[PDB]
Amino acid sequence: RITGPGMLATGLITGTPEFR
Amino acid sequence: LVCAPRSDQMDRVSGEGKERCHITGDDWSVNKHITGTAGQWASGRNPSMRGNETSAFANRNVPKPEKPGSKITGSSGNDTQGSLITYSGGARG
Amino acid sequence: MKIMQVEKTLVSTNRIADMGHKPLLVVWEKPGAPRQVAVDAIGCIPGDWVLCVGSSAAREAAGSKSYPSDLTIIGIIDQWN
Amino acid sequence: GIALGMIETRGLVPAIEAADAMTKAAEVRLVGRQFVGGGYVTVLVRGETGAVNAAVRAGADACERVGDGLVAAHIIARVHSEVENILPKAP
Amino acid sequence: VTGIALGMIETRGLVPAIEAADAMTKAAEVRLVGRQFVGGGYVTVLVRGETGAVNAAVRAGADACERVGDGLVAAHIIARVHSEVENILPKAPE
Amino acid sequence: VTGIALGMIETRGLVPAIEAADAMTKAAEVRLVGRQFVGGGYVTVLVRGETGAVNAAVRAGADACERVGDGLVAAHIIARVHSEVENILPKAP
Amino acid sequence: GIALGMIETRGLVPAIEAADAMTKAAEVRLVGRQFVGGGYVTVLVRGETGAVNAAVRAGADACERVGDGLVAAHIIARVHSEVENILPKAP
Amino acid sequence: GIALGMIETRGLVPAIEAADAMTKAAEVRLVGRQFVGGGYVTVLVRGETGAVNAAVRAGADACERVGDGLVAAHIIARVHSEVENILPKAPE
Amino acid sequence: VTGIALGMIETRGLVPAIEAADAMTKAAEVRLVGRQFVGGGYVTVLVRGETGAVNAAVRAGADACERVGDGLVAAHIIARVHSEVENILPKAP
Amino acid sequence: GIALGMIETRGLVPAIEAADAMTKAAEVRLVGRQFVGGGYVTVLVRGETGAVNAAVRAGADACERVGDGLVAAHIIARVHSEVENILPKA
Amino acid sequence: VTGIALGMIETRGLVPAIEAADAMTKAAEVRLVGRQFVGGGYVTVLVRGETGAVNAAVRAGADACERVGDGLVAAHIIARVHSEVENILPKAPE
Ligand SMILES: [Mg+2]
């Protein structure tokens, strides 16, 4: 629904609060 | 044979620590009765956890494009049997 | 076989293809003697005293029975003057 | 003692564990740790021949299951004087 | 504050090493004394401290970096190194 | 540019690392603080900034360099590194 | 020009061949050759966008059959000012 | 001369054999031995085009069966002036 | 020790290289002139001497180091070294 | 460092192995060896709590397969002053 | 006889211990530094010497005493004891 840089690289980033 | 075959046996410690040759008498080896100084008495002291290659040798089978050919005529040392020599642009030398 | 001294290298860009990639050297029995050219099967520097074989033995010494050579260096003499 | 013992490992952690086990197991002196390149690391000890034998065996046992493990374990009882020029003297 | 125990974590690549070092120094009272580029992609981070602190730190670091990049190679604790081994251990990172 | 969050991208080879650095610094307000040759082909680029900026930057960088050269190894964020870790972090490229 | 062209190779010889082909094919400046580690070598050129397109295409075509070959061929048309700090200026 | 010849090998022993064969084959100057990283070694020679051609052919033949072998044998007869900035002038 | 012949042994890892150097210098009258870390794990040891001495030394070293560690890569003899190559050869370890 | 670690064995040889392993494994001080009677032998170490934990674990691992083996491996993190009268020193 | 290694043999009863000590001292150049009556019938014999000598000696003693009397309990070698362990080791037999 909300577009921008936050929609990129899903499943590739590992420092995020969701990952932790 | 006094010494175990080189192909079959691999020494735990090479050099002067080898054990492939059967030495009789009062050598420095230790039998089953003896404990200490090795085995669990060295590997069981410090806790450890186990976790879960780019090199010239690892690249020796990297996929390559087809080898360039040579179509030139006239005497120019145009050997095709030897090693692959390349010129500017990848042309066959 | 003859004993010859390596004088220098020889380059022929348009040589026949059957010569392969082998290098060539200028040799002579002594400084001032007639120059000859040998296939260097060993790898020799100028000033080395070398052993050269001729005739049909030079062909196999240079790589194959059909190699186009009649003079091939087959060794460096350990000590010579 | 002037015998030489060497252990080679993949990575530094097994090398350090091997050095610790070697110096604790027998009467040897740690003389160097070398980064060989490509992940190889080598640790070297000196001492009496029997002491070096015991130390190298203990070090190989200790570092075997640590990290990427052990590569080599070697003893040279009498080092030629030429080889001393490529051996480190202090760690 | 440093101490007698030694904690070591080896990783493939630098990013898991940095994550491990961060987790280690956050988890317990340990001092980061070295980040070593071993070669061939191995990176090792070393910490010193009291024994319980180093134990906790190494466990946290091993948990943190195991899914980061190419991951963890080894996590190791030595409660007291031989005095000779101190000469091949860094005192401060570079 | 302020903020102490850390963003890290690790690649195989330098070309994907440079592409990642370009994309990161174009996407958000982050500072490029270092490029490190790890050894064995690994290259790591590091950025600092605010937490949201670093999140956006790392996502963009990972997206950009995924299919470039030998590709991406890691893309990681640490919102606040311990003061000890600062000693092993570069400050300028 | 400020466009950037990059070629990554396995080994140095294909990198030198790529640099030569690149600088012969178009009006680009060779700004650096980098030994990445693990065998990777990268060569970088700067110039106008069209020149860099031509140069990178020629370098990729020339170096792919040389040695262990070509890893990447990449163009950054507009380089951010931050990235200029990690790019070499002269070889 | 201004021609350039290079030979790349896996390991240093084939590189030294290649350099020796190259310099024994023709009048070329050894200008560099580069440890590329990862085990690659490159040796570079300069000279007249025919000399460099002969040298590189001989060197590639010599080092093919030595050690882990040959990677590349390349000749550049006319070197662009830009490339000279990344080429060593004397061995280190 | 005189002579300009050159013997080289290349190994995977340092331990077989040191064993090879020891065997070479024990077997014949040769001078150990260098130990080079090539990269990627390759190690090369180089000796100088007369052709016969270097021949014997390289044979002994190749025999000795083949079962040590990750083993032997190359064992090579050059009877006469071109003066150009002397610029890339170490003179002392 | 006032924690106390104790290892009790059947026979002297496992006791000496345990003492060696304990002192090598962590920063502890060996304070005594006691012949209890009937074959029991006890070795005692002092130090910081975490160090004592590491040392006692290592000693128990080392001596358990030596001779007639291990009887007890115990840690007292803080020793009452009364008990110090029955503990050996140095 | 100078030596840092320690060799120990524990037996049930005194006769196997004496046989072990005799075999050990005949086999290699080791010093007999202790014969300890442990209690409950255990007897321990300790030797010191160079590492290889102690290995040979302890092997010989363990072979010799295993079928004598009530037999052998333990045969153990420590190539170098911690400096603190030296305080609980006898220096000469009593
Ligand atoms: Mg882009």
# chains A, B, ... in the order shown; residues from 1 in each chain; ligands from 1

$ residues_near_ligand --ligand "ligand 1" --cutoff "12 Å" --atoms "only C-alpha atoms and all ligand atoms" --output "PDB file with C-alpha atoms, in the first residue's frame"
ATOM      1  CA  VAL F  15      31.912  -4.048  -8.662  1.00  0.00           C
ATOM      2  CA  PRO F  16      28.761  -5.090  -6.735  1.00  0.00           C
ATOM      3  CA  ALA F  17      30.135  -3.261  -3.701  1.00  0.00           C
ATOM      4  CA  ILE F  18      30.528  -0.020  -5.645  1.00  0.00           C
ATOM      5  CA  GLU F  19      27.049  -0.396  -7.122  1.00  0.00           C
ATOM      6  CA  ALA F  20      25.665  -0.977  -3.626  1.00  0.00           C
ATOM      7  CA  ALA F  21      27.466   2.090  -2.287  1.00  0.00           C
ATOM      8  CA  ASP F  22      26.076   4.229  -5.098  1.00  0.00           C
ATOM      9  CA  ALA F  23      22.524   3.014  -4.551  1.00  0.00           C
ATOM     10  CA  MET F  24      22.727   3.435  -0.772  1.00  0.00           C
ATOM     11  CA  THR F  25      24.024   6.984  -0.892  1.00  0.00           C
ATOM     12  CA  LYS F  26      21.487   7.938  -3.554  1.00  0.00           C
ATOM     13  CA  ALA F  27      18.547   6.432  -1.674  1.00  0.00           C
ATOM     14  CA  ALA F  60      18.180   0.034  -1.769  1.00  0.00           C
ATOM     15  CA  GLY F  61      21.795  -1.115  -1.837  1.00  0.00           C
ATOM     16  CA  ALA F  62      20.886  -4.772  -1.434  1.00  0.00           C
ATOM     17  CA  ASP F  63      18.304  -4.444  -4.196  1.00  0.00           C
ATOM     18  CA  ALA F  64      20.767  -2.797  -6.579  1.00  0.00           C
ATOM     19  CA  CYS F  65      23.766  -5.132  -6.271  1.00  0.00           C
ATOM     20  CA  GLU F  66      21.928  -8.469  -6.078  1.00  0.00           C
ATOM     21  CA  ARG F  67      22.526  -9.473  -9.712  1.00  0.00           C
ATOM     22  CA  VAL F  68      25.770  -7.559 -10.287  1.00  0.00           C
TER      23      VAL F  68
ATOM     24  CA  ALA G   3      29.983   8.217 -15.986  1.00  0.00           C
ATOM     25  CA  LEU G   4      31.859   5.225 -14.610  1.00  0.00           C
ATOM     26  CA  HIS G  74      28.869  -2.526 -15.088  1.00  0.00           C
ATOM     27  CA  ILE G  75      28.078   1.125 -15.797  1.00  0.00           C
ATOM     28  CA  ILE G  76      27.124   3.848 -13.328  1.00  0.00           C
ATOM     29  CA  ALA G  77      25.922   6.745 -15.460  1.00  0.00           C
ATOM     30  CA  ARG G  78      25.784   9.316 -12.639  1.00  0.00           C
ATOM     31  CA  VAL G  79      28.057   8.658  -9.667  1.00  0.00           C
ATOM     32  CA  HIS G  80      26.960  10.030  -6.311  1.00  0.00           C
ATOM     33  CA  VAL G  83      31.072   7.229  -3.797  1.00  0.00           C
TER      34      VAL G  83
END

$ select_by_dssp --residues "chain D" --states "helix (DSSP H, G or I)" --output "NGL selection string"
:D and (12-25 or 49-63 or 83-86)

$ calpha_fit_rmsd --fixed "chain G" --moving "chain D"
0.2 Å

$ residues_around --residues "residue E:40" --least-positions-apart "3" --cutoff "8 Å" --atoms "only C-alpha atoms" --output "VMD selection string"
(chain B and resid 53 to 54) or (chain D and resid 37 to 39) or (chain F and resid 39 to 41) or (chain G and resid 38) or (chain H and resid 38) or (chain I and resid 40)

$ write_last_selection --atoms "N, CA and C atoms" --output "mmCIF file, in the first residue's frame"
data_model
loop_
_atom_site.group_PDB
_atom_site.id
_atom_site.type_symbol
_atom_site.label_atom_id
_atom_site.label_comp_id
_atom_site.auth_asym_id
_atom_site.auth_seq_id
_atom_site.Cartn_x
_atom_site.Cartn_y
_atom_site.Cartn_z
ATOM 1 N N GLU B 53 35.035 -21.480 -1.976
ATOM 2 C CA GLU B 53 36.382 -20.923 -1.952
ATOM 3 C C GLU B 53 36.706 -20.199 -3.254
ATOM 4 N N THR B 54 37.258 -18.996 -3.136
ATOM 5 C CA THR B 54 37.659 -18.185 -4.279
ATOM 6 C C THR B 54 39.180 -18.158 -4.330
ATOM 7 N N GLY D 37 48.140 -17.361 4.453
ATOM 8 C CA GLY D 37 47.354 -16.922 3.324
ATOM 9 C C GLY D 37 46.305 -17.954 2.967
ATOM 10 N N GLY D 38 45.170 -17.474 2.480
ATOM 11 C CA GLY D 38 44.115 -18.387 2.107
ATOM 12 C C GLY D 38 43.397 -19.040 3.261
ATOM 13 N N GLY D 39 43.610 -18.574 4.483
ATOM 14 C CA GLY D 39 43.005 -19.158 5.652
ATOM 15 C C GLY D 39 43.918 -20.059 6.456
ATOM 16 N N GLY F 39 39.394 -9.950 2.115
ATOM 17 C CA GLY F 39 40.204 -11.095 1.775
ATOM 18 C C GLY F 39 39.348 -12.204 1.201
ATOM 19 N N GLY F 40 39.939 -12.984 0.307
ATOM 20 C CA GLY F 40 39.182 -14.040 -0.325
ATOM 21 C C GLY F 40 38.090 -13.563 -1.250
ATOM 22 N N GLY F 41 38.137 -12.309 -1.682
ATOM 23 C CA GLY F 41 37.145 -11.765 -2.579
ATOM 24 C C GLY F 41 36.025 -10.997 -1.912
ATOM 25 N N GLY G 38 41.516 -12.678 -3.465
ATOM 26 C CA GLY G 38 40.944 -13.912 -3.950
ATOM 27 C C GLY G 38 41.059 -14.120 -5.438
ATOM 28 N N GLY H 38 44.930 -14.709 -4.207
ATOM 29 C CA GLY H 38 44.282 -15.979 -4.439
ATOM 30 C C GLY H 38 45.144 -17.035 -5.082
ATOM 31 N N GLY I 40 46.626 -17.338 -1.391
ATOM 32 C CA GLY I 40 45.742 -18.469 -1.541
ATOM 33 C C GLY I 40 46.230 -19.750 -0.912
#

$ residues_around --residues "residue K:39" --least-positions-apart "6" --cutoff "12 Å" --atoms "only C-alpha atoms" --output "NGL selection string"
(:J and (10-12 or 34-41)) or (:K and (10-14))

$ residues_around --residues "residue F:33" --least-positions-apart "3" --cutoff "9 Å" --atoms "only C-alpha atoms" --output "PyMOL selection string"
chain F and resi 45-48+89-93

$ write_last_selection --atoms "N, CA and C atoms" --output "PDB file, in the first residue's frame"
ATOM      1  N   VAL F  45      31.093  -2.573   2.395  1.00  0.00           N
ATOM      2  CA  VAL F  45      30.900  -1.130   2.404  1.00  0.00           C
ATOM      3  C   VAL F  45      30.019  -0.782   3.592  1.00  0.00           C
ATOM      4  N   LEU F  46      30.358   0.301   4.281  1.00  0.00           N
ATOM      5  CA  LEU F  46      29.697   0.684   5.519  1.00  0.00           C
ATOM      6  C   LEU F  46      29.144   2.096   5.409  1.00  0.00           C
ATOM      7  N   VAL F  47      27.939   2.298   5.932  1.00  0.00           N
ATOM      8  CA  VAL F  47      27.310   3.611   5.955  1.00  0.00           C
ATOM      9  C   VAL F  47      26.816   3.905   7.363  1.00  0.00           C
ATOM     10  N   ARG F  48      26.776   5.188   7.710  1.00  0.00           N
ATOM     11  CA  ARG F  48      26.235   5.644   8.981  1.00  0.00           C
ATOM     12  C   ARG F  48      25.134   6.666   8.733  1.00  0.00           C
ATOM     13  N   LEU F  89      35.607   0.023  13.518  1.00  0.00           N
ATOM     14  CA  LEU F  89      34.851   0.587  12.415  1.00  0.00           C
ATOM     15  C   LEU F  89      35.610   1.752  11.809  1.00  0.00           C
ATOM     16  N   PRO F  90      35.773   1.792  10.493  1.00  0.00           N
ATOM     17  CA  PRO F  90      36.421   2.946   9.867  1.00  0.00           C
ATOM     18  C   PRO F  90      35.574   4.198  10.000  1.00  0.00           C
ATOM     19  N   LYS F  91      36.247   5.343  10.032  1.00  0.00           N
ATOM     20  CA  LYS F  91      35.563   6.623  10.144  1.00  0.00           C
ATOM     21  C   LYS F  91      35.469   7.374   8.828  1.00  0.00           C
ATOM     22  N   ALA F  92      36.454   7.227   7.953  1.00  0.00           N
ATOM     23  CA  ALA F  92      36.431   7.832   6.634  1.00  0.00           C
ATOM     24  C   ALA F  92      36.939   6.813   5.629  1.00  0.00           C
ATOM     25  N   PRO F  93      36.486   6.891   4.372  1.00  0.00           N
ATOM     26  CA  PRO F  93      36.914   5.941   3.343  1.00  0.00           C
ATOM     27  C   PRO F  93      38.398   6.052   3.010  1.00  0.00           C
TER      28      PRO F  93
END

$ residues_around --residues "residue K:94" --least-positions-apart "6" --cutoff "10 Å" --atoms "only C-alpha atoms" --output "PDB file with N, CA and C atoms, in the first residue's frame"
ATOM      1  N   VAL K  33      60.271 -41.383  42.563  1.00  0.00           N
ATOM      2  CA  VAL K  33      60.147 -40.289  43.519  1.00  0.00           C
ATOM      3  C   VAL K  33      59.094 -40.539  44.577  1.00  0.00           C
ATOM      4  N   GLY K  34      58.327 -41.613  44.479  1.00  0.00           N
ATOM      5  CA  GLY K  34      57.298 -41.828  45.467  1.00  0.00           C
ATOM      6  C   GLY K  34      56.627 -43.178  45.421  1.00  0.00           C
ATOM      7  N   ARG K  35      56.374 -43.736  46.597  1.00  0.00           N
ATOM      8  CA  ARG K  35      55.505 -44.891  46.770  1.00  0.00           C
ATOM      9  C   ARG K  35      54.529 -44.523  47.871  1.00  0.00           C
ATOM     10  N   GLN K  36      53.267 -44.342  47.517  1.00  0.00           N
ATOM     11  CA  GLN K  36      52.280 -43.793  48.430  1.00  0.00           C
ATOM     12  C   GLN K  36      51.249 -44.849  48.789  1.00  0.00           C
TER      13      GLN K  36
END

$ closest_atom_pairs --of "chain B" --to "chain H" --cutoff "12 Å" --atoms "only C-alpha atoms" --output "JSON lines"
{"residue": "B:53", "atom": "CA", "partner": "H:38", "partner_atom": "CA", "distance": 9.6}
{"residue": "B:54", "atom": "CA", "partner": "H:38", "partner_atom": "CA", "distance": 7.0}
{"residue": "B:55", "atom": "CA", "partner": "H:38", "partner_atom": "CA", "distance": 4.4}
{"residue": "B:56", "atom": "CA", "partner": "H:39", "partner_atom": "CA", "distance": 5.1}
{"residue": "B:57", "atom": "CA", "partner": "H:10", "partner_atom": "CA", "distance": 6.6}
{"residue": "B:58", "atom": "CA", "partner": "H:38", "partner_atom": "CA", "distance": 9.3}
{"residue": "B:59", "atom": "CA", "partner": "H:10", "partner_atom": "CA", "distance": 9.6}
{"residue": "B:60", "atom": "CA", "partner": "H:71", "partner_atom": "CA", "distance": 8.2}
{"residue": "B:61", "atom": "CA", "partner": "H:71", "partner_atom": "CA", "distance": 10.8}
{"residue": "B:62", "atom": "CA", "partner": "H:71", "partner_atom": "CA", "distance": 11.1}
{"residue": "B:64", "atom": "CA", "partner": "H:71", "partner_atom": "CA", "distance": 11.7}
{"residue": "B:76", "atom": "CA", "partner": "H:50", "partner_atom": "CA", "distance": 10.8}
{"residue": "B:77", "atom": "CA", "partner": "H:54", "partner_atom": "CA", "distance": 9.6}
{"residue": "B:78", "atom": "CA", "partner": "H:57", "partner_atom": "CA", "distance": 11.1}
{"residue": "B:79", "atom": "CA", "partner": "H:57", "partner_atom": "CA", "distance": 10.0}
{"residue": "B:80", "atom": "CA", "partner": "H:57", "partner_atom": "CA", "distance": 11.7}
{"residue": "B:81", "atom": "CA", "partner": "H:61", "partner_atom": "CA", "distance": 10.5}
{"residue": "B:82", "atom": "CA", "partner": "H:61", "partner_atom": "CA", "distance": 6.8}
{"residue": "B:83", "atom": "CA", "partner": "H:61", "partner_atom": "CA", "distance": 5.9}
{"residue": "B:84", "atom": "CA", "partner": "H:73", "partner_atom": "CA", "distance": 7.0}
{"residue": "B:85", "atom": "CA", "partner": "H:73", "partner_atom": "CA", "distance": 5.2}
{"residue": "B:86", "atom": "CA", "partner": "H:74", "partner_atom": "CA", "distance": 4.8}
{"residue": "B:87", "atom": "CA", "partner": "H:75", "partner_atom": "CA", "distance": 5.0}
{"residue": "B:88", "atom": "CA", "partner": "H:76", "partner_atom": "CA", "distance": 5.6}
{"residue": "B:89", "atom": "CA", "partner": "H:76", "partner_atom": "CA", "distance": 9.2}
{"residue": "B:90", "atom": "CA", "partner": "H:74", "partner_atom": "CA", "distance": 8.4}
{"residue": "B:91", "atom": "CA", "partner": "H:74", "partner_atom": "CA", "distance": 9.6}
{"residue": "B:92", "atom": "CA", "partner": "H:74", "partner_atom": "CA", "distance": 9.5}
{"residue": "B:93", "atom": "CA", "partner": "H:75", "partner_atom": "CA", "distance": 8.1}

$ residues_around --residues "residue J:6" --least-positions-apart "2" --cutoff "9 Å" --atoms "only C-alpha atoms" --output "number ranges by chain"
J: 4, 8, 42-45, 56, 72-76

$ write_last_selection --atoms "N, CA, C and O atoms" --output "CSV table (one decimal), in the first residue's frame"
chain,number,residue,atom,x,y,z
J,4,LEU,N,35.0,-22.2,46.4
J,4,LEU,CA,35.7,-23.4,46.6
J,4,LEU,C,35.2,-24.5,45.7
J,4,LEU,O,34.0,-24.7,45.6
J,8,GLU,N,36.5,-35.3,44.4
J,8,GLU,CA,36.8,-36.5,45.2
J,8,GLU,C,36.9,-37.7,44.3
J,8,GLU,O,36.0,-37.9,43.4
J,42,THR,N,40.7,-36.3,48.0
J,42,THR,CA,40.0,-35.1,47.6
J,42,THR,C,41.0,-34.0,47.3
J,42,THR,O,42.1,-33.9,48.0
J,43,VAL,N,40.8,-33.2,46.3
J,43,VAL,CA,41.6,-32.1,45.9
J,43,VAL,C,40.7,-30.9,45.9
J,43,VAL,O,39.6,-30.9,45.5
J,44,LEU,N,41.3,-29.8,46.4
J,44,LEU,CA,40.5,-28.5,46.6
J,44,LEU,C,41.1,-27.4,45.9
J,44,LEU,O,42.4,-27.2,46.0
J,45,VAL,N,40.3,-26.5,45.3
J,45,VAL,CA,40.8,-25.3,44.6
J,45,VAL,C,40.0,-24.1,45.1
J,45,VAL,O,38.9,-24.3,45.5
J,56,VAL,N,36.3,-26.9,37.8
J,56,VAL,CA,35.7,-28.2,38.3
J,56,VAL,C,35.1,-29.0,37.2
J,56,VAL,O,35.2,-30.2,37.2
J,72,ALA,N,32.9,-37.3,43.5
J,72,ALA,CA,32.1,-36.1,43.7
J,72,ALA,C,32.8,-34.9,43.0
J,72,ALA,O,34.0,-34.9,43.0
J,73,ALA,N,32.0,-34.0,42.5
J,73,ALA,CA,32.5,-32.7,42.0
J,73,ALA,C,31.6,-31.7,42.4
J,73,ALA,O,30.4,-31.6,42.1
J,74,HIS,N,32.1,-30.8,43.3
J,74,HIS,CA,31.2,-29.9,44.0
J,74,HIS,C,31.8,-28.5,44.0
J,74,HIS,O,33.0,-28.3,44.0
J,75,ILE,N,30.9,-27.5,44.1
J,75,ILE,CA,31.3,-26.1,44.1
J,75,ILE,C,30.5,-25.4,45.3
J,75,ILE,O,29.3,-25.6,45.4
J,76,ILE,N,31.3,-24.6,46.1
J,76,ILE,CA,30.7,-23.8,47.1
J,76,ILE,C,31.1,-22.4,46.7
J,76,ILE,O,32.3,-22.0,46.8

$ select_by_dssp --residues "chain K" --states "strand (DSSP E)" --output "PyMOL selection string"
chain K and resi 5-12+30-39+42-49+72-78

$ interface_residues --of "chain E" --to "chain F" --cutoff "8 Å" --atoms "only C-alpha atoms" --output "mmCIF file with N, CA, C and O atoms, in the first residue's frame"
data_model
loop_
_atom_site.group_PDB
_atom_site.id
_atom_site.type_symbol
_atom_site.label_atom_id
_atom_site.label_comp_id
_atom_site.auth_asym_id
_atom_site.auth_seq_id
_atom_site.Cartn_x
_atom_site.Cartn_y
_atom_site.Cartn_z
ATOM 1 N N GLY E 13 33.696 -13.620 6.365
ATOM 2 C CA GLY E 13 33.364 -12.256 6.029
ATOM 3 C C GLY E 13 33.331 -11.347 7.240
ATOM 4 O O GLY E 13 33.352 -11.777 8.392
ATOM 5 N N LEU E 14 33.261 -10.051 6.961
ATOM 6 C CA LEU E 14 33.359 -9.043 8.005
ATOM 7 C C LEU E 14 32.028 -8.722 8.666
ATOM 8 O O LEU E 14 32.003 -8.431 9.863
ATOM 9 N N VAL E 15 30.926 -8.745 7.921
ATOM 10 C CA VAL E 15 29.638 -8.358 8.499
ATOM 11 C C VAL E 15 29.232 -9.264 9.656
ATOM 12 O O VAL E 15 28.866 -8.741 10.722
ATOM 13 N N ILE E 18 31.363 -8.306 12.702
ATOM 14 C CA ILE E 18 30.965 -7.083 13.387
ATOM 15 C C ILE E 18 29.695 -7.311 14.190
ATOM 16 O O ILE E 18 29.568 -6.835 15.323
ATOM 17 N N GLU E 19 28.742 -8.054 13.629
ATOM 18 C CA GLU E 19 27.539 -8.371 14.385
ATOM 19 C C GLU E 19 27.877 -9.162 15.644
ATOM 20 O O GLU E 19 27.351 -8.879 16.727
ATOM 21 N N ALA E 21 30.741 -9.182 17.297
ATOM 22 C CA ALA E 21 31.432 -8.326 18.254
ATOM 23 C C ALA E 21 30.455 -7.424 18.989
ATOM 24 O O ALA E 21 30.567 -7.231 20.206
ATOM 25 N N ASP E 22 29.488 -6.865 18.266
ATOM 26 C CA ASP E 22 28.484 -6.024 18.901
ATOM 27 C C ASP E 22 27.690 -6.812 19.931
ATOM 28 O O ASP E 22 27.511 -6.366 21.070
ATOM 29 N N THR E 25 29.968 -7.641 23.084
ATOM 30 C CA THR E 25 30.225 -6.537 23.994
ATOM 31 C C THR E 25 28.955 -6.003 24.634
ATOM 32 O O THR E 25 29.030 -5.407 25.710
ATOM 33 N N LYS E 26 27.795 -6.190 24.006
ATOM 34 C CA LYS E 26 26.555 -5.806 24.666
ATOM 35 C C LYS E 26 26.131 -6.808 25.727
ATOM 36 O O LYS E 26 25.538 -6.419 26.735
ATOM 37 N N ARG E 31 35.991 -7.005 27.018
ATOM 38 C CA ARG E 31 36.724 -6.009 26.257
ATOM 39 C C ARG E 31 37.109 -6.596 24.911
ATOM 40 O O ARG E 31 37.678 -7.688 24.847
ATOM 41 N N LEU E 32 36.785 -5.883 23.842
ATOM 42 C CA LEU E 32 37.151 -6.303 22.496
ATOM 43 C C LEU E 32 38.613 -5.954 22.269
ATOM 44 O O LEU E 32 38.975 -4.778 22.238
ATOM 45 N N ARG E 35 40.352 -7.586 16.081
ATOM 46 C CA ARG E 35 39.642 -8.047 14.896
ATOM 47 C C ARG E 35 40.707 -8.398 13.871
ATOM 48 O O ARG E 35 41.392 -7.513 13.357
ATOM 49 N N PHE E 37 42.026 -10.066 10.349
ATOM 50 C CA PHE E 37 41.766 -10.547 8.997
ATOM 51 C C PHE E 37 42.719 -11.708 8.759
ATOM 52 O O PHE E 37 43.902 -11.513 8.489
ATOM 53 N N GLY E 39 42.700 -14.135 6.432
ATOM 54 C CA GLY E 39 43.022 -14.460 5.061
ATOM 55 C C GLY E 39 41.998 -15.404 4.477
ATOM 56 O O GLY E 39 41.400 -16.195 5.205
ATOM 57 N N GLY E 40 41.769 -15.327 3.173
ATOM 58 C CA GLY E 40 40.801 -16.208 2.560
ATOM 59 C C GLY E 40 39.373 -15.972 2.983
ATOM 60 O O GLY E 40 38.524 -16.833 2.758
ATOM 61 N N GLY E 41 39.079 -14.829 3.588
ATOM 62 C CA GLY E 41 37.739 -14.503 4.012
ATOM 63 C C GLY E 41 37.448 -14.732 5.478
ATOM 64 O O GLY E 41 36.390 -14.308 5.948
ATOM 65 N N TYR E 42 38.339 -15.393 6.209
ATOM 66 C CA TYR E 42 38.133 -15.593 7.636
ATOM 67 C C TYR E 42 38.374 -14.299 8.396
ATOM 68 O O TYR E 42 39.367 -13.608 8.166
ATOM 69 N N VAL E 43 37.466 -13.974 9.306
ATOM 70 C CA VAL E 43 37.646 -12.873 10.241
ATOM 71 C C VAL E 43 37.414 -13.406 11.643
ATOM 72 O O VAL E 43 36.460 -14.152 11.878
ATOM 73 N N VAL E 68 23.909 -14.377 9.651
ATOM 74 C CA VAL E 68 24.309 -13.124 9.030
ATOM 75 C C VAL E 68 25.383 -13.421 7.999
ATOM 76 O O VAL E 68 26.453 -13.935 8.340
ATOM 77 N N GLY E 69 25.105 -13.089 6.746
ATOM 78 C CA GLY E 69 26.082 -13.302 5.694
ATOM 79 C C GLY E 69 26.418 -14.766 5.537
ATOM 80 O O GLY E 69 25.541 -15.631 5.525
ATOM 81 N N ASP E 70 27.708 -15.056 5.424
ATOM 82 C CA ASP E 70 28.149 -16.431 5.256
ATOM 83 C C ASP E 70 28.313 -17.164 6.578
ATOM 84 O O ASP E 70 28.644 -18.352 6.571
ATOM 85 N N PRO E 93 42.478 -3.580 19.546
ATOM 86 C CA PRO E 93 42.214 -3.704 18.113
ATOM 87 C C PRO E 93 42.904 -2.601 17.329
ATOM 88 O O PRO E 93 43.239 -1.537 17.852
ATOM 89 N N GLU E 94 43.131 -2.882 16.052
ATOM 90 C CA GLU E 94 43.744 -1.910 15.156
ATOM 91 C C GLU E 94 42.748 -1.400 14.122
ATOM 92 O O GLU E 94 41.675 -1.974 13.941
#

$ atom_distance --atom1 "atom CA of residue E:17" --atom2 "atom CA of residue E:4"
22.0 Å

$ atom_distance --atom1 "atom CA of residue G:47" --atom2 "atom CA of residue G:8"
18.1 Å

$ atom_distance --atom1 "atom CA of residue E:89" --atom2 "atom CA of residue I:35"
24.6 Å

$ interface_residues --of "chain K" --to "chain D" --cutoff "12 Å" --atoms "only C-alpha atoms" --output "list in words"
residues 3, 4, 5, 6, 49, 50, 51, 52, 53, 54, 55, 56, 77, 78, 79, 80, 81, 82 and 83 of chain K

$ closest_residue --among "D:1, D:46, D:82, D:10" --to "chain I" --atoms "only C-alpha atoms"
D:82
